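In case you want the letters, here they are:
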Amino acid sequence: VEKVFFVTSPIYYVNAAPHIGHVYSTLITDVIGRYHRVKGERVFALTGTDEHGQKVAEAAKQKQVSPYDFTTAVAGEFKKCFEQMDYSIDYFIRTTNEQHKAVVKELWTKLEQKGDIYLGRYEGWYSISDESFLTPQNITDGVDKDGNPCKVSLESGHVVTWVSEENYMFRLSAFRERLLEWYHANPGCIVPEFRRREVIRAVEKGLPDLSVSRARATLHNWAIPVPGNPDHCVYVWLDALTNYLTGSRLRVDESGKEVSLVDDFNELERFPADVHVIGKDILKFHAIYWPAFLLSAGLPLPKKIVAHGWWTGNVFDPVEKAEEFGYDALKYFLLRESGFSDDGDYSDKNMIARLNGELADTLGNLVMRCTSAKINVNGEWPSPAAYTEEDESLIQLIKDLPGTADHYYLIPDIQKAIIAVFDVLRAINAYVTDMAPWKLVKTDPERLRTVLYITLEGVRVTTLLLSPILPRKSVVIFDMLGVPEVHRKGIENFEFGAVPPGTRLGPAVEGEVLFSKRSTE
Ligand code: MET
């Protein structure tokens, strides 16, 4: 079925400034969105901030300022940071938005009408910092900031406290079998596979019911009132998850401002999300709670949840590192170095090794070679002569690359897509070295035509596929290659030979380098 490809990041708590973790999750969301745009699809990419709850309200109290002002100031910080990181996100959502609250109330009301909400009690541990309910098995002994003995979450290491409250309870226990059916019937719905196995293990053990409201005093009245009961507030996480449904129902003007909430999500053709990007820290909320809420309400479920390895004396500032090494380079590094296990070396030394090694030497040198006046004497795509077997071995690698990369982008596993494209770039370099086109200018012009054509076309296709990762630099490369705009996107242009011979290269500049090398100081 044809619809808008809907890709989301988590909405981030605004208790503190944005940092690398927030940027990384939103980068992944951005890359996925961008790849689907390049394929010619309609996309709606969504990020935002999670502004209610006890965590945020008590952070605003520490700063001695009103939650309203505090949340707006920090959300400002997020917005500015994401603008400066040069994403292409379609909307930024805030849970303090009035339309969002309307949607939270309608959803809540559906759960109640369905019979899946009753008045009960929660008596147990709670992590305010994770806004998470924990069983006694998930807490251990530790210290607080006053050095006194306390209890801490096994999940996150954060301080836990005992909560004994009359709360509205959601009948999560009744969604065990349907969730198990869903995981089993859609074995790609949670990525990577080992996190899918975790979720199934947990749900197999049994599910308790879930507190979805809290007494208003505990939350400092900084939350959404429960419809029909002003003494209770809606659980920050039920509120937070609904943002995906709210975003799917907002009409957004050119300015990026919400101008309307539609009654029915089908009108905008976004819901349910094709991909929810998250950190491992918030797996349970997205793979257990959220689909249970959707199942109760009669709403379609998401298609994929991808959980990366990060957690949503030493600092690594995203913008500070981008000014020094480059936005596109920094974004490449983050996506190249980081798998799903997240055992990443994020040092300056490794960043410089990849910039010099892969971007400068593998990609950059290749672009300069096939565009330089010394090799491409006529500043144009030449017409190839007959191909040798060695020529065709390379052409086949280039031909197969789009189908392979496409699969990786769709898992989604951006690291694997990047490695595959550089696998092909490495081969093109090896081919170029093998053919020494610098010599051929004299020896054999006809042969030089063939080699050059295959190289340009290899650089174009690899670059098209790397354009979601390197949005600005891909444009520079296409400019240099003289690739018309029509050919810079669309699945028609993954095909080998889409740019006809005779196409003229873009103009040159004296100092032009794509990625300049940096010393190993
Ligand atoms: C519905 S996503 C909510 C995520 C939460 N605000 C966090 O920062 O982990």
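Cut-offs applied
- Residues numbered from 1 in each chain as written, not as in the entry; some residues may be left out.
- Heavy atoms only, no water.
- Residues with missing side-chain atoms left out of burial classes, pairs and counts.
- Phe/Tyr/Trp six-rings, centres within 6.5 Å; stacked < 30°, edge-to-face > 60°.
- Helix = DSSP H or I, 4+ residues; strand = E, 2+ residues; numbered from the N terminus.
- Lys NZ or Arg CZ within 6 Å of the ring centre and 35° of its normal.
- Near = heavy atom within 4 Å.
- Polar contact = N/O pair within 3.5 Å; in protein donor to acceptor, adjacent residues only side chain to side chain.
- Nonpolar A, V, L, I, M, F, W, Y, C, P; charged D, E, K, R; others polar.
- Pairing = 2+ DSSP bridges.

Structure determination for this entry, per the PDB record, employed X-ray crystallography and reached 2.300 Å resolution.

K.L.:
Got a minute to help me understand the packing of aromatic side chains in this structure?
P.N.:
Remark: the centre distance and the inter-plane angle together describe each pair of aromatic rings, the angle taken between the planes. Applying the stated criterion across every chain yields a total of 27 aromatic pairs. A centroid spacing of 4.3 Å and a plane angle of 15° characterise the contact between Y24 and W310, whose relative ring orientation is stacked. Note that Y24 is positioned in helix 1 (residues 20-38) and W310 in the loop between strand 17 (304-308) and helix 10 (318-325), a separation of 286 residues in sequence. One aromatic cluster in this structure is built from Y12, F78, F82, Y87 and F92. Directly above the aromatic system of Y126 lies the positively charged group of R214, at a separation of 4.8 Å from the ring centroid. The positively charged end of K473 is found above the aromatic ring belonging to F515, 5.3 Å away from the centroid.

K.L.:
I'm lost on the site of the ligand in this one. Help?
P.N.:
Residues in close proximity to the ligand include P10, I11, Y12, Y13, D50, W237, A240, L241, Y244, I282, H286 and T312, which together make up its full environment. Take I11: an N or O atom from its main chain is 2.7 Å from a nitrogen atom of the ligand. At 3.4 Å, a backbone N or O of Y13 approaches an oxygen atom of the ligand. Of all elements in the fold, only strand 1 (5-13) and helix 7 (236-241) reach the threshold of two or more residues within the shell around the ligand. No other element matches strand 1, which puts 4 residues into the shell around the ligand. Here the shell around the ligand is built from residues that sort into 9 nonpolar, 2 polar and 1 charged.

K.L.:
What is the right way to read the sheet that holds strand 12 (residues 225-226) from this model?
P.N.:
Strands pair in a sheet through their backbones, by hydrogen bonds, and they do so in one of two ways: parallel or antiparallel. Ordered in space as 11-13-12, the 3 strands form an open sheet in which the pairing is antiparallel. The open sheet has two edge strands, strand 11 (213-215) and strand 12, and neither has a second partner. Bridging between strand 11 and strand 13 (residues 229-234) involves 3 bridges; their strand directions are antiparallel. Along strand 13, the bridge assignment pairs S213 with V234.

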